[PDB]
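Participant: I have a structure I would like to understand better, so I am pasting it below and will then ask my questions one at a time.
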Amino acid sequence: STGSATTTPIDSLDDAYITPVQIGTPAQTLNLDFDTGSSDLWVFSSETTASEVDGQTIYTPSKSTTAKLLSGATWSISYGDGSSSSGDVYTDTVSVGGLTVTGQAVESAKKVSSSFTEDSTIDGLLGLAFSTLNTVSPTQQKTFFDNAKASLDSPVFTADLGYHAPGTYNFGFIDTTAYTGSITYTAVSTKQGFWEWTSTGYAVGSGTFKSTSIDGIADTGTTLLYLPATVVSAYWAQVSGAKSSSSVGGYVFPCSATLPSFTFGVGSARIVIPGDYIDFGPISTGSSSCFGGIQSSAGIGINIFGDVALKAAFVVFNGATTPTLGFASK
Ligand SMILES: Cc1ccc(/C=C/N)s1
């Protein structure tokens with residue numbers, strides 16, 4: 001089997017991407033944030049505290065003839081931005097772009113933090129990291145990809161995120177028309193539960209490539225590119241007036257600037273992020289200070305190849321017995 005679904009930016013900045021997902025019988029379609037940095041499929045639901053729902057579409061398990069309570073199971077998750085959610089668990093039929101999994105754990109939120117309530121466009125998350133990170137207790141649950149894998153034509157999914165435009169998530173096949181050149185594959189460590197890999201270096205604009213190993217994760221659920229402070233300082237030093245602002249929480253730059261590109265290495269190959277992809281717009285409405293798309297990872301504990309980096313590539317998440325990642329230009 002295969003599946004193919006369009007993913008759409010939630011706003012004009014590409015702050016996140018939503019993909020429609022069918023849950024239950026008859027189908028209830030929710031728009032989920034596909035997140036290769038976590039491993040829980042959770043949704044706003046008829047069980048979510050009413051004051052914490054503001055415009056989201058909810059899953060109502062009592063209206064699904066295939067829903068079954070997973071008795072005794074609870075979940076609770078905290079993310080890198082400080083947001084969180086928790087609740088109980090149903091199994092139900094879940095379909096993505098024509099690919100159907102029966103018995104998928106659907107984690108129904110009883111509580112969500114304010115940042116989720118405030119994002120009316122995101123009805124939940126669909127985790128695509130390794131199932132060892134799934135938070136369901138006392139019986140850990142499998143991700144949608146892990147459940148689908150055996151049925152897929154090939155044990156892979158691909159992320160093709162657009163810049164200010166829709167893109168595609170494919171399951172079970174590699175669309176050879178969706179990228180240019182060849183795909184360069186690179187090793188993955190699953191030890192922390194992430195799609196963790198080592199970039200071979202970077203360049204700023206037209207500058208020379210610096211060969212240096214940068215361990216990080218491929219995370220479709222993180223907006224920005226978070227890299228070591230040395231790398232990030234070298235980038236912003238090429239932008240007149242750019243500075244790190246403790247009050248804003250990162251590097252800002254004059255909105256009048258033209259940003260240089262940023263290149264990252266994948267083995268001997270190179271992915272080029274155009275400068276425009278690094279502009280996240282005014283820090284507050286009407287400001288002439290703009291927020292940068294490349295930020296320091298120093299306070300995180302891990303480097304994160306988020307959407308800023310991934311949207312510049314066609315990315316293969318290869319879930320073979322030994323997982324690997326593939327990157328192609330597009
Ligand atoms: C909207 C989102 C908040 C936290 C997420 C997890 C990123 N890996 S996605």
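As shown in the structure tokens, the chain order sets the letters A, B, ...; within each chain, residues go from 1, and ligands are also counted from 1 in the order they appear.
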Could you name the residues that touch residue 295 (chain A) at 8 Å or less, counting only C-alpha atoms, but leaving out those on the same chain fewer than 6 positions away, as a count of residues only?

Facilitator: 8

Participant: DSSP on the backbone: which residues in region 2-179 of chain A end up as helix (DSSP H, G or I)? Give the answer as a PyMOL selection string.

Facilitator: chain A and resi 50-52+61-63+114-118+131-133+144-151

Participant: Given the selection you just returned, output its residues as a file containing C-alpha atoms, formatted as an mmCIF file, in the first residue's frame.

Facilitator:
```cif
data_model
loop_
_atom_site.group_PDB
_atom_site.id
_atom_site.type_symbol
_atom_site.label_atom_id
_atom_site.label_comp_id
_atom_site.auth_asym_id
_atom_site.auth_seq_id
_atom_site.Cartn_x
_atom_site.Cartn_y
_atom_site.Cartn_z
ATOM 1 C CA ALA A 50 -14.036 23.223 27.090
ATOM 2 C CA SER A 51 -12.197 26.434 28.011
ATOM 3 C CA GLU A 52 -9.079 25.058 26.266
ATOM 4 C CA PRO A 61 -14.993 8.846 19.870
ATOM 5 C CA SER A 62 -18.604 8.151 20.870
ATOM 6 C CA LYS A 63 -19.631 8.938 17.268
ATOM 7 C CA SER A 114 -2.292 27.649 26.123
ATOM 8 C CA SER A 115 -0.139 27.611 22.969
ATOM 9 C CA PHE A 116 -2.242 24.764 21.555
ATOM 10 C CA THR A 117 -5.532 26.455 22.489
ATOM 11 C CA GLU A 118 -4.301 29.603 20.737
ATOM 12 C CA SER A 131 7.882 4.537 18.906
ATOM 13 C CA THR A 132 10.286 4.295 21.858
ATOM 14 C CA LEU A 133 9.361 7.946 22.572
ATOM 15 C CA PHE A 144 1.058 5.510 12.564
ATOM 16 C CA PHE A 145 4.170 4.835 10.460
ATOM 17 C CA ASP A 146 5.253 1.900 12.624
ATOM 18 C CA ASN A 147 1.772 0.359 12.376
ATOM 19 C CA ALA A 148 1.599 0.914 8.594
ATOM 20 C CA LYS A 149 5.173 -0.120 7.796
ATOM 21 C CA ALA A 150 4.688 -3.821 7.093
ATOM 22 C CA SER A 151 1.843 -3.079 4.648
#
```

Participant: So how far away is CA of residue 173 (chain A) from CA of residue 274 (chain A), in Å?

Facilitator: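 Separation between CA of residue 274 (chain A) and CA of residue 173 (chain A): 27.5 Å.
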
Participant: Write out as number ranges by chain the residues lying within 12 Å of residue 304 (chain A), counting only C-alpha atoms and excluding same-chain residues fewer than 4 positions away.

Facilitator: A: 36-37, 80, 194-199, 214-228, 293-300, 308-310

Participant: I need the residues from that last selection saved to file as a compact mmCIF listing (two decimals), in the first residue's frame (with N, CA, C and O atoms), if you can.

Facilitator:
```txt
# COMPACT_ATOMS: atom_id res chain seq x y z
N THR A 36 8.00 14.75 12.98
CA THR A 36 9.05 13.74 13.05
C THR A 36 9.91 13.86 14.30
O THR A 36 10.84 13.05 14.47
N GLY A 37 9.63 14.82 15.18
CA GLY A 37 10.30 14.94 16.46
C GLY A 37 9.55 14.42 17.66
O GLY A 37 10.01 14.63 18.79
N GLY A 80 9.50 20.90 23.31
CA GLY A 80 10.67 21.76 23.49
C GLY A 80 10.36 23.23 23.65
O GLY A 80 11.21 23.98 24.14
N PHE A 194 14.97 9.78 18.05
CA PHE A 194 14.78 10.77 16.99
C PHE A 194 15.41 10.27 15.69
O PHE A 194 16.22 9.34 15.67
N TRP A 195 15.06 10.97 14.60
CA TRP A 195 15.77 10.84 13.33
C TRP A 195 17.04 11.70 13.43
O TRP A 195 17.11 12.83 12.94
N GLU A 196 18.03 11.16 14.14
CA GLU A 196 19.25 11.88 14.50
C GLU A 196 20.35 11.50 13.52
O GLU A 196 20.57 10.31 13.26
N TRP A 197 21.04 12.50 12.99
CA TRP A 197 22.02 12.31 11.94
C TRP A 197 23.12 13.34 12.14
O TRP A 197 23.04 14.18 13.05
N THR A 198 24.17 13.26 11.33
CA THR A 198 25.32 14.17 11.45
C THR A 198 25.55 14.86 10.11
O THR A 198 25.97 14.23 9.13
N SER A 199 25.30 16.16 10.08
CA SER A 199 25.64 16.98 8.93
C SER A 199 27.16 17.13 8.85
O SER A 199 27.85 17.14 9.86
N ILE A 214 28.04 18.11 12.61
CA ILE A 214 26.96 18.73 13.38
C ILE A 214 25.88 17.68 13.58
O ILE A 214 25.10 17.39 12.66
N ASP A 215 25.82 17.11 14.78
CA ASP A 215 24.80 16.13 15.11
C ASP A 215 23.48 16.84 15.38
O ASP A 215 23.43 17.80 16.15
N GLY A 216 22.39 16.37 14.77
CA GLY A 216 21.11 17.00 15.01
C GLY A 216 19.98 16.10 14.58
O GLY A 216 20.19 15.00 14.08
N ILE A 217 18.75 16.59 14.75
CA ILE A 217 17.57 15.80 14.42
C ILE A 217 16.80 16.44 13.28
O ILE A 217 16.73 17.67 13.17
N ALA A 218 16.20 15.60 12.43
CA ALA A 218 15.30 16.07 11.38
C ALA A 218 13.91 16.13 11.99
O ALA A 218 13.32 15.08 12.30
N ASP A 219 13.38 17.34 12.18
CA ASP A 219 12.17 17.57 12.98
C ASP A 219 11.18 18.45 12.22
O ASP A 219 11.27 19.69 12.26
N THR A 220 10.22 17.82 11.55
CA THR A 220 9.21 18.57 10.83
C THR A 220 8.31 19.39 11.74
O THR A 220 7.62 20.31 11.28
N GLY A 221 8.27 19.07 13.03
CA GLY A 221 7.44 19.77 13.98
C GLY A 221 8.06 20.99 14.63
O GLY A 221 7.40 21.65 15.44
N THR A 222 9.30 21.31 14.28
CA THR A 222 9.97 22.52 14.75
C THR A 222 10.08 23.49 13.58
O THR A 222 10.46 23.09 12.48
N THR A 223 9.74 24.76 13.82
CA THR A 223 9.69 25.73 12.72
C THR A 223 11.08 26.06 12.18
O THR A 223 11.28 26.15 10.96
N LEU A 224 12.03 26.31 13.07
CA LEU A 224 13.28 26.97 12.74
C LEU A 224 14.45 25.97 12.72
O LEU A 224 14.31 24.78 13.01
N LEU A 225 15.61 26.50 12.32
CA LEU A 225 16.87 25.75 12.28
C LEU A 225 17.70 26.17 13.48
O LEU A 225 18.08 27.34 13.60
N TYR A 226 17.98 25.23 14.39
CA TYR A 226 18.71 25.50 15.62
C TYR A 226 20.06 24.81 15.55
O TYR A 226 20.11 23.57 15.46
N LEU A 227 21.13 25.59 15.59
CA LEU A 227 22.49 25.09 15.37
C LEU A 227 23.43 25.65 16.43
O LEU A 227 23.06 26.55 17.19
N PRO A 228 24.65 25.13 16.51
CA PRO A 228 25.57 25.62 17.55
C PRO A 228 25.84 27.11 17.43
O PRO A 228 25.81 27.69 16.35
N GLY A 293 15.42 33.01 11.18
CA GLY A 293 15.07 31.61 11.05
C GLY A 293 16.14 30.62 11.41
O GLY A 293 15.87 29.41 11.40
N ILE A 294 17.34 31.11 11.70
CA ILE A 294 18.46 30.32 12.19
C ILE A 294 18.77 30.86 13.59
O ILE A 294 19.00 32.07 13.76
N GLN A 295 18.74 29.98 14.59
CA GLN A 295 18.88 30.38 15.98
C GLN A 295 19.81 29.41 16.68
O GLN A 295 20.05 28.28 16.21
N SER A 296 20.34 29.84 17.82
CA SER A 296 21.26 28.99 18.56
C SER A 296 20.53 27.86 19.27
O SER A 296 19.46 28.04 19.87
N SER A 297 21.15 26.68 19.25
CA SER A 297 20.68 25.53 20.00
C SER A 297 21.28 25.47 21.40
O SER A 297 21.01 24.51 22.13
N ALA A 298 22.07 26.47 21.79
CA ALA A 298 22.86 26.34 23.02
C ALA A 298 21.99 26.02 24.22
O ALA A 298 22.40 25.25 25.10
N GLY A 299 20.78 26.58 24.29
CA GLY A 299 19.89 26.35 25.40
C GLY A 299 18.99 25.14 25.29
O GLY A 299 18.17 24.91 26.19
N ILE A 300 19.12 24.35 24.22
CA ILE A 300 18.24 23.21 23.95
C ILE A 300 18.86 21.90 24.40
O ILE A 300 18.17 21.05 24.97
N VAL A 308 12.73 25.18 8.43
CA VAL A 308 13.58 26.08 7.64
C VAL A 308 14.57 25.29 6.80
O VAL A 308 14.81 25.61 5.63
N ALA A 309 15.19 24.25 7.39
CA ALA A 309 16.12 23.41 6.65
C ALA A 309 15.39 22.38 5.80
O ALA A 309 15.73 22.18 4.63
N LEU A 310 14.39 21.71 6.37
CA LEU A 310 13.79 20.59 5.66
C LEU A 310 13.04 21.04 4.42
O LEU A 310 13.01 20.30 3.43
```

Participant: Just checking: using only C-alpha atoms and all ligand atoms, which residue out of A:20, A:319, A:103, A:9 ends up closest to ligand 1?

Facilitator: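 Result for the nearest residue to ligand 1: A:9.
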
Participant: Quick one: everything within 9 Å of residue 99 (chain A), counting only C-alpha atoms, minus sequence neighbours fewer than 4 positions away in the same chain. Send it as a short mmCIF file (atom, residue, chain, number, x, y, z; two decimals) with N, CA, C and O atoms, in the first residue's frame.

Facilitator:
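Written file, out-v8.cif:
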```cif
data_model
loop_
_atom_site.label_atom_id
_atom_site.label_comp_id
_atom_site.auth_asym_id
_atom_site.auth_seq_id
_atom_site.Cartn_x
_atom_site.Cartn_y
_atom_site.Cartn_z
N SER A 1 0.85 -1.22 0.00
CA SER A 1 0.00 0.00 0.00
C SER A 1 0.87 1.25 0.00
O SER A 1 2.07 1.18 0.29
N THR A 2 0.24 2.38 -0.31
CA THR A 2 0.86 3.70 -0.20
C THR A 2 -0.18 4.70 0.26
O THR A 2 -1.39 4.43 0.24
N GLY A 3 0.30 5.86 0.70
CA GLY A 3 -0.56 7.01 0.91
C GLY A 3 0.13 8.27 0.44
O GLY A 3 1.37 8.34 0.36
N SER A 4 -0.67 9.29 0.16
CA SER A 4 -0.14 10.58 -0.30
C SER A 4 -1.09 11.67 0.15
O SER A 4 -2.28 11.63 -0.19
N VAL A 94 -7.44 4.95 11.33
CA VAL A 94 -6.84 6.23 10.94
C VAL A 94 -6.33 6.09 9.51
O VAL A 94 -5.61 5.14 9.20
N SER A 95 -6.71 7.04 8.65
CA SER A 95 -6.24 7.04 7.28
C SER A 95 -5.57 8.37 6.94
O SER A 95 -6.07 9.45 7.30
N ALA A 148 1.79 1.08 10.03
CA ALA A 148 1.60 0.91 8.59
C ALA A 148 2.74 0.19 7.89
O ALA A 148 2.52 -0.36 6.80
N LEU A 152 3.27 -1.31 3.76
CA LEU A 152 3.72 -0.37 2.75
C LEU A 152 4.53 -1.07 1.67
O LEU A 152 5.22 -2.07 1.91
N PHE A 171 3.73 8.13 1.87
CA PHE A 171 4.03 6.93 2.64
C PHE A 171 4.15 5.74 1.69
O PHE A 171 3.25 5.48 0.89
#
```

Participant: Could you give me, as JSON, numbers by chain, each residue of region 76-136 of chain A that DSSP assigns to strand (DSSP E) when run on this structure's backbone?

Facilitator: {"A": [76, 77, 78, 84, 85, 86, 87, 88, 89, 90, 91, 92, 93, 94, 95, 96, 99, 100, 101, 102, 103, 104, 105, 106, 107, 108, 109, 110, 111, 112, 124, 125, 126, 127]}

Participant: When you look at residue 121 (chain A) with a cut-off of 10 Å (counting only C-alpha atoms), what residues show up, excluding the ones that are within fewer than 3 positions of it in the same chain? I need them as JSON, numbers by chain.

Facilitator: {"A": [9, 10, 11, 16, 17, 18, 30, 31, 32, 33, 54, 55, 56, 57, 116, 117, 118, 124]}

Participant: Just give me the gap between CA of residue 316 (chain A) and CA of residue 157 (chain A) in Å, one decimal is fine.

Facilitator: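 If I compute the distance from CA of residue 316 (chain A) to CA of residue 157 (chain A), I get 6.1 Å.
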
Participant: Between A:283, A:237, A:58, A:278, single out the one closest to residue 261 (chain A), counting only C-alpha atoms.

Facilitator: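 That would be A:278, the residue with the smallest distance to residue 261 (chain A).
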